[PDB]
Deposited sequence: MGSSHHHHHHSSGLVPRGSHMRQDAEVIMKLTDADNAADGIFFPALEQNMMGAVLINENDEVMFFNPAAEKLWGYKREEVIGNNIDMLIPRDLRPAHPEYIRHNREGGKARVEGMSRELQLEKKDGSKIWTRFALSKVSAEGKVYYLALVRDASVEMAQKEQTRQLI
């Protein structure tokens, strides 16, 4: 399908998480933004991509959205692997497929 290439080669960083909040897709644009190689992210928890000072609050943000269920775009401060931070814009989408709830975040430098 042309849809995989469309996201894989996208100029926007793309991060897809499964029902268990594990990262299942992390494109090259995302690698550049975070400073992580997909090999260090795929299969691991979304928690590793969340800024350290937000790790305490982010889990509940996701949990609450999953149970009781959307899309929104706003600027967020991203923390890279090396600790440096950059402002970006996130376009978050809730994706329902085959009875499961996934989330795709499309990211752009800001």
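Residues 1-39, 109-112, 154-167 of the deposited sequence have no C-alpha coordinates in the model.
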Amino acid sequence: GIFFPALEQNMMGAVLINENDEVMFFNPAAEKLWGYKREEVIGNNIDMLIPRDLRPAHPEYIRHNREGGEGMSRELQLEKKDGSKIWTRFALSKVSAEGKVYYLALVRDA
From here on, numbers count along this sequence of modelled residues.
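Higher mean CA temperature factor, per the PDB entry, when comparing 60-68 with 39-47: 60-68. For the two regions 71-79 and 27-35, the entry's Cα B-factors average higher over 71-79. Considering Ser96, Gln9, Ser93, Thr88 together, the PDB entry gives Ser96 the largest C-alpha B factor.
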